[PDB]
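Participant: This is upload14.cif, which holds mmCIF, C-alpha atoms:
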```cif
data_final
loop_
_atom_site.label_atom_id
_atom_site.label_comp_id
_atom_site.auth_asym_id
_atom_site.auth_seq_id
_atom_site.Cartn_x
_atom_site.Cartn_y
_atom_site.Cartn_z
CA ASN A 1 99.23 220.46 34.93
CA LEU A 2 96.56 223.05 34.11
CA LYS A 3 94.28 225.55 35.84
CA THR A 4 91.02 225.45 33.92
CA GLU A 5 88.43 226.76 36.36
CA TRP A 6 88.14 229.77 38.63
CA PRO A 7 85.37 228.95 41.11
CA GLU A 8 86.83 231.56 43.48
CA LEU A 9 85.75 234.19 40.96
CA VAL A 10 81.94 233.99 41.18
CA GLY A 11 80.70 237.42 42.25
CA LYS A 12 83.83 239.42 41.45
CA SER A 13 84.09 242.19 38.86
CA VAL A 14 85.34 241.56 35.34
CA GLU A 15 88.29 243.87 36.15
CA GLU A 16 89.24 241.83 39.21
CA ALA A 17 88.60 238.54 37.36
CA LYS A 18 90.79 239.45 34.33
CA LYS A 19 93.70 240.21 36.64
CA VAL A 20 93.50 236.80 38.35
CA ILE A 21 93.03 234.74 35.21
CA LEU A 22 95.93 236.48 33.45
CA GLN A 23 98.05 235.75 36.52
CA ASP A 24 97.29 232.02 36.21
CA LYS A 25 96.98 231.83 32.41
CA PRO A 26 99.13 234.51 30.77
CA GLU A 27 98.00 233.46 27.25
CA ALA A 28 94.26 233.56 28.01
CA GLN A 29 91.96 235.27 25.53
CA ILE A 30 89.21 236.72 27.75
CA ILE A 31 85.67 236.84 26.36
CA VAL A 32 82.86 238.61 28.26
CA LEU A 33 79.27 237.46 27.62
CA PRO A 34 75.92 237.99 29.35
CA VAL A 35 74.53 234.95 31.27
CA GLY A 36 72.14 232.94 29.09
CA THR A 37 74.21 233.28 25.88
CA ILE A 38 74.34 230.26 23.58
CA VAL A 39 77.87 229.75 22.23
CA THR A 40 79.30 227.71 19.34
CA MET A 41 80.38 224.18 20.33
CA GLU A 42 84.04 224.91 19.49
CA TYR A 43 86.74 224.15 22.10
CA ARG A 44 89.67 226.58 22.50
CA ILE A 45 92.39 225.97 25.07
CA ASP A 46 93.56 229.62 25.26
CA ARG A 47 90.09 231.06 25.75
CA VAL A 48 88.34 232.10 28.96
CA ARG A 49 84.68 233.14 28.73
CA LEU A 50 83.30 235.26 31.59
CA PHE A 51 79.49 235.05 32.01
CA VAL A 52 78.35 238.33 33.56
CA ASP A 53 75.27 239.71 35.30
CA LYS A 54 73.62 243.13 34.83
CA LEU A 55 76.34 244.80 36.90
CA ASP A 56 79.22 243.01 35.15
CA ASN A 57 80.00 240.61 38.04
CA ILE A 58 81.00 236.98 37.33
CA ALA A 59 77.79 234.96 37.62
CA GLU A 60 79.15 231.46 36.92
CA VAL A 61 82.50 229.72 37.43
CA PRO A 62 84.90 230.79 34.68
CA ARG A 63 86.41 227.89 32.70
CA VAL A 64 88.75 227.28 29.75
CA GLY A 65 87.24 226.48 26.35
CA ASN B 1 70.15 225.94 60.24
CA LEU B 2 70.07 228.05 57.08
CA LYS B 3 68.18 230.98 55.56
CA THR B 4 67.87 230.19 51.87
CA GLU B 5 64.90 232.25 50.70
CA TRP B 6 63.83 235.86 51.03
CA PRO B 7 60.12 235.93 50.15
CA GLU B 8 59.82 239.22 52.06
CA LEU B 9 61.95 240.80 49.35
CA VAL B 10 59.63 240.65 46.32
CA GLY B 11 59.09 244.23 45.15
CA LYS B 12 62.01 245.85 46.96
CA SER B 13 64.98 247.55 45.29
CA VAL B 14 68.26 245.74 44.66
CA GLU B 15 69.90 248.21 47.08
CA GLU B 16 67.44 247.37 49.85
CA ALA B 17 67.60 243.64 49.01
CA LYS B 18 71.43 243.45 49.11
CA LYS B 19 71.44 244.99 52.57
CA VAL B 20 69.01 242.40 53.97
CA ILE B 21 70.63 239.36 52.37
CA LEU B 22 74.10 240.41 53.54
CA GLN B 23 72.65 240.81 57.03
CA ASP B 24 71.40 237.20 56.98
CA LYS B 25 74.16 235.70 54.81
CA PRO B 26 77.40 237.65 55.23
CA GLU B 27 79.23 235.44 52.69
CA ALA B 28 76.61 235.76 49.94
CA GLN B 29 77.78 236.47 46.41
CA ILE B 30 74.94 238.59 44.96
CA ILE B 31 74.12 238.18 41.27
CA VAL B 32 71.59 240.48 39.54
CA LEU B 33 69.80 239.15 36.44
CA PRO B 34 66.74 240.22 34.43
CA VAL B 35 63.60 238.03 34.86
CA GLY B 36 63.42 235.36 32.14
CA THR B 37 67.17 234.58 32.16
CA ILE B 38 68.18 230.95 31.69
CA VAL B 39 71.03 230.03 34.04
CA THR B 40 73.50 227.13 34.16
CA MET B 41 72.31 224.17 36.27
CA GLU B 42 75.19 224.59 38.75
CA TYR B 43 74.41 224.81 42.49
CA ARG B 44 76.40 227.26 44.66
CA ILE B 45 75.71 227.61 48.38
CA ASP B 46 77.24 231.10 48.72
CA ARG B 47 75.38 232.59 45.80
CA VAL B 48 72.19 234.67 45.77
CA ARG B 49 70.66 235.53 42.39
CA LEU B 50 68.26 238.51 42.28
CA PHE B 51 65.78 238.43 39.36
CA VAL B 52 64.88 242.03 38.55
CA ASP B 53 62.21 243.90 36.60
CA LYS B 54 62.66 246.93 34.30
CA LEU B 55 63.01 249.24 37.30
CA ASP B 56 65.44 246.97 39.16
CA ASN B 57 62.92 245.74 41.78
CA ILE B 58 62.98 242.11 42.96
CA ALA B 59 60.42 240.28 40.84
CA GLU B 60 60.71 236.77 42.31
CA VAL B 61 61.65 235.34 45.71
CA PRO B 62 65.44 235.41 46.09
CA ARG B 63 66.99 232.01 46.92
CA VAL B 64 70.41 230.44 47.47
CA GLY B 65 72.02 228.49 44.63
CA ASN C 1 35.89 239.66 47.85
CA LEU C 2 38.93 240.53 45.74
CA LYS C 3 39.92 242.73 42.81
CA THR C 4 42.41 240.70 40.80
CA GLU C 5 42.29 242.20 37.32
CA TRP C 6 42.48 245.69 35.87
CA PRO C 7 41.15 245.42 32.31
CA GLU C 8 40.43 249.16 32.38
CA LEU C 9 44.18 249.71 32.46
CA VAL C 10 45.24 248.49 29.00
CA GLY C 11 46.89 251.43 27.24
CA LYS C 12 47.54 253.61 30.29
CA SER C 13 50.97 254.64 31.57
CA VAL C 14 52.74 252.76 34.34
CA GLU C 15 52.46 255.93 36.47
CA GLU C 16 48.69 256.09 36.00
CA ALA C 17 48.36 252.30 36.44
CA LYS C 18 50.34 252.19 39.73
CA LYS C 19 48.07 254.85 41.21
CA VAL C 20 44.90 252.88 40.41
CA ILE C 21 46.17 249.49 41.54
CA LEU C 22 47.46 250.91 44.84
CA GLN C 23 44.04 252.49 45.34
CA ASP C 24 42.36 249.08 44.99
CA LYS C 25 45.15 246.94 46.47
CA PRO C 26 47.16 248.95 49.00
CA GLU C 27 49.52 246.00 49.68
CA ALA C 28 50.33 245.32 46.01
CA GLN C 29 53.95 244.76 45.03
CA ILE C 30 54.13 246.22 41.50
CA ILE C 31 56.46 244.54 39.00
CA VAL C 32 57.08 246.07 35.55
CA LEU C 33 58.14 243.73 32.72
CA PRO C 34 58.35 244.00 28.92
CA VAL C 35 55.66 242.08 26.96
CA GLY C 36 56.92 238.62 25.94
CA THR C 37 58.75 237.93 29.24
CA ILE C 38 58.63 234.37 30.57
CA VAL C 39 58.09 234.36 34.34
CA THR C 40 58.52 231.70 37.03
CA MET C 41 55.36 229.65 37.70
CA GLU C 42 55.12 230.94 41.30
CA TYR C 43 51.82 232.44 42.53
CA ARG C 44 51.92 235.51 44.82
CA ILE C 45 48.72 237.13 46.07
CA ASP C 46 50.30 240.53 46.84
CA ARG C 47 52.00 240.89 43.48
CA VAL C 48 50.86 242.81 40.40
CA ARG C 49 52.92 242.42 37.21
CA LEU C 50 52.54 245.15 34.56
CA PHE C 51 53.44 244.03 31.01
CA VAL C 52 54.62 247.12 29.12
CA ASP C 53 55.22 248.17 25.52
CA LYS C 54 58.13 250.21 24.12
CA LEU C 55 56.64 253.43 25.49
CA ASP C 56 55.86 251.97 28.93
CA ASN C 57 52.07 251.71 28.41
CA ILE C 58 50.13 248.72 29.79
CA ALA C 59 49.87 246.24 26.92
CA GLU C 60 47.87 243.47 28.61
CA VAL C 61 45.31 243.32 31.43
CA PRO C 62 47.11 243.56 34.78
CA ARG C 63 46.33 240.67 37.17
CA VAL C 64 47.33 239.42 40.62
CA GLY C 65 49.89 236.61 40.90
CA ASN D 1 30.70 247.89 10.15
CA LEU D 2 34.28 248.00 11.44
CA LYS D 3 37.75 249.05 10.32
CA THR D 4 40.11 246.47 11.78
CA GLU D 5 43.21 246.66 9.60
CA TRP D 6 45.44 249.42 8.32
CA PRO D 7 47.43 247.91 5.43
CA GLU D 8 48.05 251.44 4.13
CA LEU D 9 50.21 252.02 7.19
CA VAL D 10 53.16 249.68 6.54
CA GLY D 11 56.29 251.83 6.43
CA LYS D 12 54.88 254.94 8.10
CA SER D 13 56.06 256.39 11.42
CA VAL D 14 54.32 255.60 14.70
CA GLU D 15 53.41 259.32 14.92
CA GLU D 16 51.75 259.27 11.50
CA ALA D 17 50.13 255.87 12.21
CA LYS D 18 48.61 256.93 15.57
CA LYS D 19 46.97 259.92 13.91
CA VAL D 20 45.28 257.77 11.24
CA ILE D 21 44.12 255.00 13.55
CA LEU D 22 42.65 257.49 16.04
CA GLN D 23 40.83 259.12 13.13
CA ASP D 24 39.21 255.79 12.22
CA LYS D 25 38.96 254.32 15.73
CA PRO D 26 38.66 257.10 18.32
CA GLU D 27 38.58 254.59 21.22
CA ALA D 28 41.71 252.68 20.15
CA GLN D 29 44.31 251.85 22.78
CA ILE D 30 47.59 251.99 20.83
CA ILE D 31 50.36 249.56 21.83
CA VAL D 32 53.84 249.79 20.27
CA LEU D 33 55.97 246.62 20.17
CA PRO D 34 59.14 245.55 18.34
CA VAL D 35 58.65 243.04 15.47
CA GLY D 36 59.15 239.46 16.69
CA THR D 37 57.37 239.98 20.05
CA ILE D 38 55.24 237.10 21.33
CA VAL D 39 51.99 238.40 22.82
CA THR D 40 49.34 236.85 25.09
CA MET D 41 46.49 235.15 23.20
CA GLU D 42 43.90 237.60 24.59
CA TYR D 43 41.56 239.41 22.16
CA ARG D 44 40.70 243.09 22.81
CA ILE D 45 38.42 245.01 20.46
CA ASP D 46 39.66 248.49 21.50
CA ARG D 47 43.33 247.66 21.12
CA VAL D 48 45.68 248.37 18.21
CA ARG D 49 49.20 246.92 18.37
CA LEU D 50 51.85 248.55 16.16
CA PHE D 51 54.82 246.27 15.31
CA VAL D 52 57.83 248.51 14.71
CA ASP D 53 61.28 248.25 13.15
CA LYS D 54 64.57 249.69 14.46
CA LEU D 55 63.60 253.17 13.28
CA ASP D 56 60.06 253.00 14.69
CA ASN D 57 58.30 252.54 11.31
CA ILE D 58 55.29 250.20 10.99
CA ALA D 59 56.69 246.88 9.78
CA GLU D 60 53.47 244.86 9.53
CA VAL D 61 49.81 245.68 8.87
CA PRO D 62 48.24 247.08 12.04
CA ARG D 63 45.11 245.21 13.20
CA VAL D 64 42.59 245.25 16.05
CA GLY D 65 42.97 242.73 18.88
CA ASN E 1 94.04 228.70 -2.77
CA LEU E 2 91.91 230.52 -0.19
CA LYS E 3 92.12 231.87 3.35
CA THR E 4 88.72 231.22 4.89
CA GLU E 5 89.35 231.22 8.63
CA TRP E 6 91.11 233.51 11.07
CA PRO E 7 91.65 231.45 14.24
CA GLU E 8 94.45 233.84 15.22
CA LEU E 9 91.78 236.50 15.69
CA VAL E 10 89.86 235.17 18.72
CA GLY E 11 90.10 237.82 21.44
CA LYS E 12 91.18 240.75 19.27
CA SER E 13 89.18 243.94 18.71
CA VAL E 14 86.92 244.41 15.70
CA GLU E 15 89.24 247.25 14.61
CA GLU E 16 92.30 245.01 14.72
CA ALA E 17 90.37 242.11 13.12
CA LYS E 18 89.06 244.19 10.17
CA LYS E 19 92.59 245.28 9.34
CA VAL E 20 93.88 241.69 9.18
CA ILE E 21 90.98 240.25 7.22
CA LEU E 22 91.12 243.06 4.65
CA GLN E 23 94.85 242.37 4.30
CA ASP E 24 94.14 238.72 3.44
CA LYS E 25 90.79 239.21 1.67
CA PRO E 26 90.62 242.67 0.08
CA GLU E 27 87.06 242.06 -1.20
CA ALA E 28 85.64 240.92 2.15
CA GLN E 29 82.31 242.35 3.28
CA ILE E 30 82.67 242.49 7.08
CA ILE E 31 79.56 241.86 9.19
CA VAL E 32 79.62 242.33 12.98
CA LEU E 33 77.10 240.35 15.07
CA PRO E 34 76.71 239.54 18.77
CA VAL E 35 77.52 235.92 19.78
CA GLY E 36 74.37 233.78 19.84
CA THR E 37 72.83 235.33 16.69
CA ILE E 38 70.95 232.99 14.35
CA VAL E 39 71.76 233.80 10.71
CA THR E 40 70.12 232.87 7.40
CA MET E 41 71.51 229.68 5.83
CA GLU E 42 72.83 231.58 2.78
CA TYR E 43 76.48 231.12 1.73
CA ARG E 44 78.45 234.16 0.49
CA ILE E 45 82.09 233.86 -0.54
CA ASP E 46 82.92 237.57 -0.08
CA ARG E 47 81.43 237.83 3.39
CA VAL E 48 83.16 237.67 6.77
CA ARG E 49 80.96 237.64 9.89
CA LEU E 50 82.61 238.66 13.18
CA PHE E 51 80.87 237.29 16.31
CA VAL E 52 81.56 239.72 19.14
CA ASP E 53 81.33 239.79 22.93
CA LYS E 54 80.06 242.61 25.18
CA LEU E 55 83.30 244.55 24.69
CA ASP E 56 83.41 244.04 20.91
CA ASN E 57 86.23 241.44 20.94
CA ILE E 58 86.16 238.47 18.53
CA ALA E 59 84.62 235.60 20.48
CA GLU E 60 84.75 232.85 17.84
CA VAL E 61 87.00 232.07 14.87
CA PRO E 62 86.03 234.32 11.95
CA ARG E 63 85.19 232.42 8.73
CA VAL E 64 84.00 233.11 5.18
CA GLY E 65 80.33 232.61 4.33
CA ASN F 1 59.77 242.42 -15.15
CA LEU F 2 60.76 243.00 -11.53
CA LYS F 3 63.85 243.62 -9.41
CA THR F 4 63.26 241.73 -6.17
CA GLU F 5 66.73 241.17 -4.75
CA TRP F 6 69.76 243.33 -4.08
CA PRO F 7 72.68 240.93 -3.60
CA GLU F 8 75.06 243.78 -4.46
CA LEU F 9 74.01 245.41 -1.20
CA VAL F 10 75.47 243.02 1.40
CA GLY F 11 77.90 245.02 3.53
CA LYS F 12 76.70 248.51 2.60
CA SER F 13 75.16 251.04 4.99
CA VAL F 14 71.41 251.43 5.38
CA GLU F 15 71.80 254.98 3.99
CA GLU F 16 73.56 253.73 0.86
CA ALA F 17 71.14 250.77 0.55
CA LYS F 18 67.97 252.93 0.79
CA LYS F 19 69.22 255.13 -2.03
CA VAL F 20 69.78 252.17 -4.37
CA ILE F 21 66.53 250.38 -3.61
CA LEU F 22 64.48 253.56 -4.06
CA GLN F 23 66.24 254.06 -7.39
CA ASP F 24 65.10 250.60 -8.55
CA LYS F 25 61.78 250.46 -6.67
CA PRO F 26 60.39 253.96 -6.15
CA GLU F 27 57.35 252.62 -4.22
CA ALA F 28 59.36 250.48 -1.78
CA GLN F 29 58.49 250.65 1.90
CA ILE F 30 61.86 250.12 3.62
CA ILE F 31 61.91 248.22 6.92
CA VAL F 32 65.11 247.92 8.99
CA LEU F 33 65.44 244.93 11.34
CA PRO F 34 68.32 243.32 13.27
CA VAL F 35 69.58 239.96 11.88
CA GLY F 36 67.87 237.04 13.64
CA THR F 37 64.41 238.68 13.77
CA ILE F 38 61.40 236.41 13.23
CA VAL F 39 58.82 238.12 11.01
CA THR F 40 55.14 237.44 10.27
CA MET F 41 54.56 235.16 7.26
CA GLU F 42 52.76 237.92 5.33
CA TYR F 43 53.89 238.75 1.77
CA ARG F 44 53.97 242.41 0.65
CA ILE F 45 55.11 243.38 -2.84
CA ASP F 46 55.97 247.01 -1.96
CA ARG F 47 58.05 246.14 1.07
CA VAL F 48 61.83 245.81 1.40
CA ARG F 49 63.22 244.52 4.71
CA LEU F 50 66.89 245.31 5.46
CA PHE F 51 68.53 242.90 7.95
CA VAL F 52 71.30 244.81 9.72
CA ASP F 53 74.34 244.05 11.86
CA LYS F 54 75.54 245.89 14.99
CA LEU F 55 76.93 248.74 12.88
CA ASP F 56 73.83 249.04 10.68
CA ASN F 57 75.38 247.41 7.57
CA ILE F 58 73.31 245.08 5.36
CA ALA F 59 74.06 241.56 6.57
CA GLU F 60 71.91 239.55 4.15
CA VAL F 61 70.65 240.06 0.59
CA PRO F 62 67.70 242.46 0.63
CA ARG F 63 64.54 241.08 -1.02
CA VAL F 64 60.92 242.09 -1.67
CA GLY F 65 58.19 240.73 0.60
#
```
Would you write out, as C-alpha cells, the structure that this file holds?
Facilitator:
Amino acid sequence: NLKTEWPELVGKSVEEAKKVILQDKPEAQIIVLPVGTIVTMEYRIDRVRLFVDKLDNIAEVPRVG
Amino acid sequence: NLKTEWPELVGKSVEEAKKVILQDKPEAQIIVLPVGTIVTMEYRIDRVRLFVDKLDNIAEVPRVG
Amino acid sequence: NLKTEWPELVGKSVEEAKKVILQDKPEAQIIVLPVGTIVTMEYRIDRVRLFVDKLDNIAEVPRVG
Amino acid sequence: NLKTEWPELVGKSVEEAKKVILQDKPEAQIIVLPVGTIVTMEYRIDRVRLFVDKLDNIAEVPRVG
Amino acid sequence: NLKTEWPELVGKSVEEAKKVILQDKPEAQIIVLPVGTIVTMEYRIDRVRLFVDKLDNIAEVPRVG
Amino acid sequence: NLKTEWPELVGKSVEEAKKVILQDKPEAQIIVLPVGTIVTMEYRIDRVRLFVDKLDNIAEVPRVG
C-alpha cells in the first residue's frame, strides 16, 4: 500500500498538518516551503513538502517526494 | 447555482473578505497569497485564494479554484 | 471626463498619495505594491495601484486599472 | 547643462547620497530600490533611483530617469 | 576516498547538520541558502551548501561543491 | 600588479571579509548582496561585491568589478 497524498489537508495549519501526516507516515521528513518555490527534481520517498500561504496554512495538496 | 467570484471585494481587508466569503461559501478553504505568486495548476472547488497587497488588502477579484 | 493618472505623485509618501487620489477619485480602491510586481491582466476602473520603493514612496506614476 | 550621473556615490549610504544629489539637483525625486529590481520603462527627468545593497549602500552609479 | 553527500540529513536542523558534516569533513565551509536559490556555477571542494526550508530544516541532500 | 579575487574568503563573515579586503585594497567600495542577485553589467575597478548566505557568510569568491 501507501498513503502519498493528503488532499484533506488544504487549508489547515502546519501544526495540524504535521500531526496527521506523522500519524499516517511515521517516518516522514516534513519540509515547509512558501507556495511558488522551485524545488530540485530529486524524488525522496520519506519526504513530505508542505506548501504554505502567508498565514502558514496548507495551500496545495501535500504529497510524498 | 454557485458563487465563484467576489469582485465586490477588491480593496477590502482579509478580515472583512473572509467574513463575506464564508457567508456565501461556508465550506471555503481560504488561502492568502501575495500578488505575483505562481500557483500549481490544480483546481479545487472548496478553495478561495486571496491575492493581497503590502497592507493585506484584496488586490484582485477573489475566485474559487 | 476622467482623471486616470497622477504623475505629480512620483516621490510622495503613500499617506500623501492616498489623500490626493481620494480627493480626485472618491471611489478609488487603493492597492499598494512593491515596484517590480507582476499583476493579473484584469482592468478595473475603480482601482488605483501604487508602486512603492523601500521607503514606501511612489516610484512610478499612479494610474487607474 | 545637466548632471545626470553620480559615479562618485557608489558605496556611500543613502543618507549621504541624498544630500549630494539634492545639492546638485534640488528638484530630484529620490527613489530607493534593492539591486536586481525590474522597473517600468518610463523616463522621468526629475527622478533619481538609488539601487541599494543589504546594508543600504549605493551599489550602482545613480542616474536620472 | 571522499564523503560528498549527506542524504541522511534531509529534514534535520542546520545545527544538527553542521555537527555531522564537520565530523565527516573537518575543513568544510558551510553555506546556508533558502531552497530555490540560483548559485554561481563554480565548483569548490571544501564547500557544503545547505538548502533550507522556512523553519531552517535541510530540504535537499547536502553535497560538496 | 593587482589582487582581484579573495578565494580564501568563502565561508567567512562579512566583518572578517571586509577587514581582509580593505587590507589588500584600501580604496575598495564594499557591496553586500544576497546570493542569486542579478547585477547591472557595469565594471568598476574600486568595487568589491560580497555575495552572502542567510547567516551573512561569504558564499562565493569575492572579486573586483
Participant: What is the CA of residue 21 (chain A)-CA of residue 48 (chain A) distance in Å, reported with one decimal?
Facilitator: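 Going from CA of residue 21 (chain A) over to CA of residue 48 (chain A), I get 8.2 Å.
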Participant: Within 10 Å of (46.7, 250.0, 20.8) (coordinates as in the file), grab all the protein and nucleic acid residues, counting only C-alpha atoms, and write them out as a short mmCIF file (atom, residue, chain, number, x, y, z; two decimals) with C-alpha atoms, keeping the file's coordinate frame.
Facilitator:
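So part_7.cif came out as:
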```cif
data_model
loop_
_atom_site.label_atom_id
_atom_site.label_comp_id
_atom_site.auth_asym_id
_atom_site.auth_seq_id
_atom_site.Cartn_x
_atom_site.Cartn_y
_atom_site.Cartn_z
CA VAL C 10 45.24 248.49 29.00
CA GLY C 11 46.89 251.43 27.24
CA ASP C 53 55.22 248.17 25.52
CA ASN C 57 52.07 251.71 28.41
CA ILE C 58 50.13 248.72 29.79
CA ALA C 59 49.87 246.24 26.92
CA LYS D 18 48.61 256.93 15.57
CA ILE D 21 44.12 255.00 13.55
CA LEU D 22 42.65 257.49 16.04
CA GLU D 27 38.58 254.59 21.22
CA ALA D 28 41.71 252.68 20.15
CA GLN D 29 44.31 251.85 22.78
CA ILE D 30 47.59 251.99 20.83
CA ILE D 31 50.36 249.56 21.83
CA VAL D 32 53.84 249.79 20.27
CA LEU D 33 55.97 246.62 20.17
CA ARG D 44 40.70 243.09 22.81
CA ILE D 45 38.42 245.01 20.46
CA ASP D 46 39.66 248.49 21.50
CA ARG D 47 43.33 247.66 21.12
CA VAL D 48 45.68 248.37 18.21
CA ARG D 49 49.20 246.92 18.37
CA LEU D 50 51.85 248.55 16.16
CA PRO D 62 48.24 247.08 12.04
CA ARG D 63 45.11 245.21 13.20
CA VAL D 64 42.59 245.25 16.05
CA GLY D 65 42.97 242.73 18.88
#
```
Participant: Give chain F as a compact mmCIF listing (two decimals) with C-alpha atoms, in the coordinates of the input once it has been least-squares superposed onto chain B over every C-alpha atom, paired in order.
Facilitator:
```
# COMPACT_ATOMS: atom_id res chain seq x y z
CA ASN F 1 70.16 225.95 60.24
CA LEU F 2 70.08 228.05 57.08
CA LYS F 3 68.18 230.98 55.57
CA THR F 4 67.87 230.19 51.87
CA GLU F 5 64.91 232.25 50.71
CA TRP F 6 63.83 235.86 51.03
CA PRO F 7 60.12 235.93 50.15
CA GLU F 8 59.81 239.22 52.06
CA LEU F 9 61.95 240.80 49.35
CA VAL F 10 59.63 240.65 46.32
CA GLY F 11 59.09 244.23 45.15
CA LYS F 12 62.02 245.85 46.96
CA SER F 13 64.99 247.55 45.29
CA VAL F 14 68.26 245.74 44.66
CA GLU F 15 69.90 248.21 47.08
CA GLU F 16 67.44 247.38 49.86
CA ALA F 17 67.59 243.64 49.01
CA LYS F 18 71.43 243.45 49.11
CA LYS F 19 71.44 244.99 52.58
CA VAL F 20 69.01 242.40 53.96
CA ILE F 21 70.63 239.37 52.37
CA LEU F 22 74.10 240.40 53.55
CA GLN F 23 72.65 240.81 57.03
CA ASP F 24 71.40 237.20 56.98
CA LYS F 25 74.16 235.70 54.82
CA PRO F 26 77.40 237.65 55.23
CA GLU F 27 79.23 235.43 52.69
CA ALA F 28 76.61 235.75 49.94
CA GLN F 29 77.78 236.47 46.41
CA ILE F 30 74.94 238.59 44.96
CA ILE F 31 74.12 238.19 41.27
CA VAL F 32 71.59 240.48 39.54
CA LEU F 33 69.80 239.14 36.45
CA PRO F 34 66.74 240.22 34.42
CA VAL F 35 63.60 238.03 34.86
CA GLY F 36 63.42 235.36 32.14
CA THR F 37 67.17 234.58 32.16
CA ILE F 38 68.18 230.94 31.68
CA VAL F 39 71.03 230.03 34.04
CA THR F 40 73.50 227.12 34.16
CA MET F 41 72.31 224.17 36.27
CA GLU F 42 75.19 224.59 38.75
CA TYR F 43 74.41 224.81 42.49
CA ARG F 44 76.40 227.26 44.66
CA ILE F 45 75.70 227.61 48.38
CA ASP F 46 77.25 231.10 48.72
CA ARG F 47 75.38 232.59 45.80
CA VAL F 48 72.19 234.68 45.77
CA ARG F 49 70.66 235.53 42.38
CA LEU F 50 68.26 238.51 42.28
CA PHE F 51 65.78 238.43 39.37
CA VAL F 52 64.87 242.03 38.54
CA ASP F 53 62.21 243.90 36.59
CA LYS F 54 62.65 246.93 34.30
CA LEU F 55 63.01 249.25 37.30
CA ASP F 56 65.45 246.98 39.16
CA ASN F 57 62.93 245.74 41.78
CA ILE F 58 62.98 242.11 42.96
CA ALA F 59 60.42 240.28 40.83
CA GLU F 60 60.71 236.78 42.31
CA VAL F 61 61.66 235.34 45.71
CA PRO F 62 65.44 235.41 46.09
CA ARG F 63 66.98 232.01 46.92
CA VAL F 64 70.41 230.43 47.47
CA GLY F 65 72.02 228.48 44.63
```
Participant: Might I get the box with edges along x, y and z of the file that holds all atoms of region 52-60 of chain B listed there, padded by 8 Å on every side, given as centre and edge lengths in Å to one decimal, as AutoDock Vina command-line options?
Facilitator:
```
--center_x 62.9 --center_y 243.0 --center_z 38.6 --size_x 21.0 --size_y 28.5 --size_z 24.7
```
Participant: Taking the file as shown, what set of residues would the PyMOL selection byres ((chain E and resi 2) around 10) give back, as a PyMOL selection string?
Facilitator: chain E and resi 1+3-5+24-25+64
Participant: Run the PyMOL selection byres ((chain D and resi 38) around 6) against the file shown and list the residues it catches, as number ranges by chain.
Facilitator: C: 36; D: 37, 39
Participant: Hey, can you check how far CA of residue 60 (chain C) sits from CA of residue 35 (chain A)?
Facilitator: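 Interatomic distance, CA of residue 60 (chain C) to CA of residue 35 (chain A): 28.1 Å.
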Participant: One number please: CA of residue 55 (chain E) to CA of residue 56 (chain F), in Å, one decimal.
Facilitator: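 Spanning CA of residue 55 (chain E) to CA of residue 56 (chain F) is a straight-line distance of 17.5 Å.
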Participant: Of the candidates A:6, A:19, A:61, A:14, which one gets nearest to chain E if we count all atoms listed in the file?
Facilitator: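 Among A:6, A:19, A:61, A:14, it is A:14 that comes nearest to chain E.
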